[PDB]
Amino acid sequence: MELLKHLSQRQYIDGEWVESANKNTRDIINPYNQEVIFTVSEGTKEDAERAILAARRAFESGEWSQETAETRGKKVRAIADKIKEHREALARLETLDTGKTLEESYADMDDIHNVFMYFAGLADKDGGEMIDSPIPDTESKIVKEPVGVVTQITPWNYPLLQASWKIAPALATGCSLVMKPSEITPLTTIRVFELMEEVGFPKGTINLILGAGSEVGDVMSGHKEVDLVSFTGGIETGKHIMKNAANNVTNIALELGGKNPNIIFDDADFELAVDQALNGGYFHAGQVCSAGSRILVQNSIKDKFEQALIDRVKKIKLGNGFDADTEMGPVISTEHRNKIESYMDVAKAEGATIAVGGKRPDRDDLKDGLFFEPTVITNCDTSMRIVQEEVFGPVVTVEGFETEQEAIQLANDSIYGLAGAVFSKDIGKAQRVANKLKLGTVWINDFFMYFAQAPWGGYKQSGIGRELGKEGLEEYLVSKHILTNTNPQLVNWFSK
């Protein structure tokens, strides 16, 4: 509550904290108790346009795009140091807004620091290449330039984390940006803008728009002055964005959902498999893009595994994120909880079984909050919607498989391909499986490990492009081939 007394309630456009053009506002909720904890501006589409034009003017002036890469690196680094300095407050603020446990939030702040630090160090390392020209008396070189103006749109599950992944490289490369976080979770994003302002950037280089996607999203994807749209969210929105971006042939980077398999062989460390299955399915109430919602367990240990899992699920401590006992918090909103509830109806209707959970808890201390019980769904198959679609809640499905080939076939029988895992003490087997899985990230005997050093993104419909690592940086760069003819001669093709 203390955190909020000095926190800005406004958008940041062209170097000034400013209200919505129509002074409209929005109430921010704390999912633990559904109480309004803060009120922020609700920007208009004209505000978004003004920010974009500001980013363009700034980009063209060259104050940031022509700054030395080394210096750009030092500034991104300064932002990283600010995350660490205000680690505590930021973590609490994220837990307050999103509802996840405090330790999960501390972990984010550690990642975020490393994300900024990674890109800060990557800034001055590769400015292009020299080519051995196949034409005599010519010099051929490729120079990497910042792509230009970029719009950045994030989801509500991990607001600052997803923002760090976009901001760091944009700044490291010299781009100008316009960021818009999920309308329902802008607290940490506002805070980071306050921090970036302290670090100091040229007027127009960074901008923050606050508002509903349905209202200002189309401007951010479709305005002609935008050179790249980096979006992290739902698949249906991603498609809409791509279609809109096509109007001005605008580059896109999409980080969409997943139906991530968690493959468990009978030769896996059993207690390890159970631990990580619980983790994969219930961290942040399964509101994770890399969530292991699709468990694939080998028939020989399926029954044994289902029992062990269900027992553990019955003991999961639900509660307030600020409370150390809490193992799983609430889901983000009434709308989202309802979406999850309607999936339980869908699953039952198509023949699946709700082995445990699948309802709101009625325990007294949880009644006022947006809680939903950790759930396990059994007796399902690949043809069902509950198995194919991203529920994005504390829910997992269990499917059996006889052989290694069948496990692969099933893991890939999905429109998505973001991430997955394989558990087995036979490392050679796990390796074979990993090579055949059409997934952007594959974990062997682990789950949820991502880091700035390596690219993250999807195969198939989980996305287009990548974030993090060297490839992450590349989305914010464009190549130019400059060829100089050191001994120019007339071609004399046309008559004299």
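Residues carry their position along the shown sequence, with the first being 1.
- As the entry records it, the average C-alpha temperature factor is higher for 343-351, out of 343-351 and 149-157.
- The PDB entry records a higher mean C-alpha B factor for 374-382 than for its counterpart among 79-87 and 374-382.
- As recorded in the PDB entry, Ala273 shows the highest C-alpha B-factor of the residues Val143, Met196, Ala273, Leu187.
- Among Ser164, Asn248, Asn299, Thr205, the highest C-alpha B-factor recorded in the PDB entry belongs to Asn299.
- In this PDB entry, the Cα temperature factor of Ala172 sits in the bottom third of its chain's modelled residues, the lowest group.
- The entry lists a Cα temperature factor for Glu46 that places it in the middle third of the chain's modelled residues.
- When the modelled residues of the chain are ordered by C-alpha B-factor, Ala212 sits in the highest third.
- In the deposited entry, the Cα temperature factor of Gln405 places it in the highest third of its chain's modelled residues.
- Sorting the modelled residues of the chain by their CA temperature factor places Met179 in the lowest third.
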